[PDB]
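**Student:** below is the sequence, then the experimental coordinates.
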Amino acid sequence: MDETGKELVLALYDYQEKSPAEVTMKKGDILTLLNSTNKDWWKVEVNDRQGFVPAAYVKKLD
């Protein structure tokens, strides 16, 4: 429920969360970067859902 700035990213692929720590994203979704210090997992928020997603599935829009 935050502001969709904080460096935005594009969802390249359709991804399904595995655990409550991940969030589901679809190709064409604009995610907000919360933490991207990890090479494999980038913490993002979709609309309201904060979770981790594969950094390989997301790309800097900034």
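**Tutor:** Looks like it came in fine. Residues are numbered from 1 along each chain as shown.
**Student:** what sits up against stretch 15-30?
**Tutor:** Here stretch 15-30 makes contact (CB atoms under 8 Å, 6 or more residues apart in numbering) with 4, 8-14, 31, 44-46, 49-54, 57-58, 61. In this view, the C-beta of every residue, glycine as well, is placed from N, C-alpha and C.
**Student:** try it again at 10 Å.
**Tutor:** 4, 8-14, 31, 41, 43-54, 56-58, 61 (CB atoms under 10 Å, 6 or more residues apart in numbering).
**Student:** helices - which of those land there?
**Tutor:** With DSSP state H as the criterion, helices contain none of the contacts of stretch 15-30.
**Student:** which among those count as buried?
**Tutor:** For the contacts of stretch 15-30, a burial check counting by 16 or more other CB atoms under 10 Å picks out 8-9, 11, 31, 41, 43-46, 51-53, 57-58.
**Student:** can I get the residues you listed in CSV with distance to residue 22?
**Tutor:** Converted to CSV, the buried ones among the contacts of stretch 15-30 look like this (distance: CB to CB, whole Å):
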residue, distance to residue 22
8, 19
9, 15
11, 13
31, 12
41, 8
43, 10
44, 10
45, 12
46, 11
51, 5
52, 5
53, 6
57, 11
58, 12
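**Student:** now, the residues you listed that are in strands?
**Tutor:** Counting by DSSP state E, these place 8-9, 11, 31, 41, 43-46, 51-53, 58 in strands.
**Student:** what's the spacing between residue 4 and residue 24?
**Tutor:** Computed as CB to CB, to the nearest Å, the residue 4 to residue 24 distance reads 17 Å.
**Student:** show me the beta-bridge partners of residue 52.
**Tutor:** Bridge pairing for residue 52 (DSSP bridges) gives the partners residue 22, residue 43.
**Student:** for residue 34, which non-adjacent residue is closest in space?
**Tutor:** The shortest distance from residue 34 to any non-neighbouring residue, by CB to CB, 6 or more residues apart in numbering, is to residue 43 (4.3 Å).
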